[PDB]
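Asker:
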Amino acid sequence: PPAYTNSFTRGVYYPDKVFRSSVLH
Amino acid sequence: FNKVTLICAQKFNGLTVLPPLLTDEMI
Amino acid sequence: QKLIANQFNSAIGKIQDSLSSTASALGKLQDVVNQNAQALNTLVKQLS
Amino acid sequence: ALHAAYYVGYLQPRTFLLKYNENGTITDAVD
Amino acid sequence: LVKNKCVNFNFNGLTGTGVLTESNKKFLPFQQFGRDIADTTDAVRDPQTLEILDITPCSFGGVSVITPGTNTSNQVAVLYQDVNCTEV
Ligand SMILES: *[C@@H]1O[C@H](CO)[C@@H](O)[C@H](O)[C@H]1NC(C)=O
Ligand SMILES: *[C@@H]1O[C@H](CO)[C@@H](O)[C@H](O)[C@H]1NC(C)=O
Ligand SMILES: *[C@@H]1O[C@H](CO)[C@@H](O)[C@H](O)[C@H]1NC(C)=O
Numbered sequence: 025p026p027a028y029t030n031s032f033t034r035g036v037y038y039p040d041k042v043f044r045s046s047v048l049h
Numbered sequence: 823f824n825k826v827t849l850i851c852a853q854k855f856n857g858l859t860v861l862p863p864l865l866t867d868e869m870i
Numbered sequence: 920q921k922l923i924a925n926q927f928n929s930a931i932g933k934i935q936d937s938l939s940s941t942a943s944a945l946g947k948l949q950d951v952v953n954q955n956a957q958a959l960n961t962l963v964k965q966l967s
Numbered sequence: 243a244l245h263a264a265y266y267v268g269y270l271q272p273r274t275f276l277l278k279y280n281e282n283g284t285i286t287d288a289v290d
Numbered sequence: 533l534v535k536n537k538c539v540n541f542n543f544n545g546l547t548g549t550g551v552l553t554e555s556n557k558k559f560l561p562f563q564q565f566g567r568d569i570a571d572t573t574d575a576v577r578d579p580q581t582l583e584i585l586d587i588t589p590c591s592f593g594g595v596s597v598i599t600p601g602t603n604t605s606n607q608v609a610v611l612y613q614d615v616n617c618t619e620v
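Chains as they are written, first to last, in the UniProt record's numbering: chain E, 25 to 49; chain Z, 823 to 827, 849 to 870; chain L, 920 to 967; chain G, 243 to 245, 263 to 290; chain Y, 533 to 620.
(1) Indicate whether Y:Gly548 and Y:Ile584 have their beta-carbon atoms separated by less than 8 Å.
(2) State the DSSP-derived secondary structure class of L:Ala924, mapped to helix, strand or coil.
(3) Quick one: grab the DSSP three-state call for G:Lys278.
(4) Less than 8 Å between the CB atoms is what I'm expecting for Y:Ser591 and Y:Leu611, so what's the real figure, rounded?
(5) Any idea what DSSP makes of Y:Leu546, helix, strand or coil?
(6) Figure out for me which residue from Y:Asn603, Y:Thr599 and Y:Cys617 has the closest Cα to the Cα of Y:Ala609.
(7) I'd like to know if the stretch 561-575 of chain Y and the stretch 535-548 of chain Y are in contact, where contact means that at least 3 CB-CB pairs between them fall below 8 Å.
(8) List, in chain order, every chain E residue whose beta-carbon is nearer than 8 Å to that of G:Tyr265.
(9) Helix, strand or coil: which one does DSSP assign to L:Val951?
(10) Alpha carbon to alpha carbon, what distance is there between Y:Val534 and L:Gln965?
(11) Alpha carbon to alpha carbon, how far is L:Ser943 from Y:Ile569?
(12) On the premise that G:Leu270 lies in contact with E:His49, defined as a C-beta separation below 8 Å, what is that separation, rounded to the nearest angstrom?
(13) Taking 6 Å as the limit between beta carbons, can you name the residues of its chain near G:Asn280, skipping five residues before and five after?
(14) So what does Y:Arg567 bridge to, in DSSP terms?
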């Protein structure tokens, strides 16, 4: 049986190769 | 002048920002 | 006279503090500066 | 390798608000 | 590669036209471009040798023509707004 659990915040990844800085995007 | 706040960031497309005739030193 | 001077000298002081401890006094000025810049970015983004 | 946890999510078309940092590393995000 | 001098360019199919300079903009190992609040290409990294080049628009400026009224002289003094005096 699948035992769920709480992802929290994981799973973010640089959506592109662009660089930015200090910029909420 | 501290409590208030890129200038060339919006100058990419002809959007220039002519300096004011009176300078914050004169004012 | 003496009293008033103090009241006035004191009174000046608080302004520094009113200004130092608070960013919300200058909202007006602070705003204009936004709305402009605010309106530029919009203008720029329109390029894309 | 048979003689250890692991997980699975599923990606969804969310829109996030990233926050890059000076070095350019995402230091936070908001769904 | 040329520097400090307005050039057309293409990098890796990224194109644009600018002044490619030397920049401390520490790009990420896999990061290709840079960009900027206005969403305008800024730094790049030289695909061959890996380094952070700025970019920079060309010049613009208006051209203002200062004149005492033609009634007085014919002598005008141009003013090139917002450049450093070379590209003249
Ligand atoms: C970037 O990395 C360098 C490495 O030492 C560090 O000094 C600097 O504080 C870092 N800045 C950010 C915003 O990550
Ligand atoms: C300017 O020159 C015109 C002729 O071009 C003349 O009519 C006028 O008197 C001059 N202005 C003054 C202030 O003298
Ligand atoms: C102007 O250009 C010269 C190069 O001739 C450069 O050394 C100087 O830093 C520049 N200064 C300004 C204010 O643009």
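A virtual CB, placed ideally from N, CA and C, is assigned to each residue, including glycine.
Answerer: Result, derived from the coordinates:
(1) no
(2) helix
(3) strand
(4) About 14 Å; that fails the 8 Å criterion.
(5) strand
(6) Y:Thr599
(7) yes
(8) Residues of chain E passing the Cβ test: none, with the nearest at roughly 12 Å.
(9) helix
(10) 32 Å
(11) 25 Å
(12) At roughly 19 Å, the Cβ-Cβ gap does not stay under 8 Å, so E:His49 and G:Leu270 are not in contact.
(13) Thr286
(14) Note: Y:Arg567 sits in no beta bridge, so no partner.
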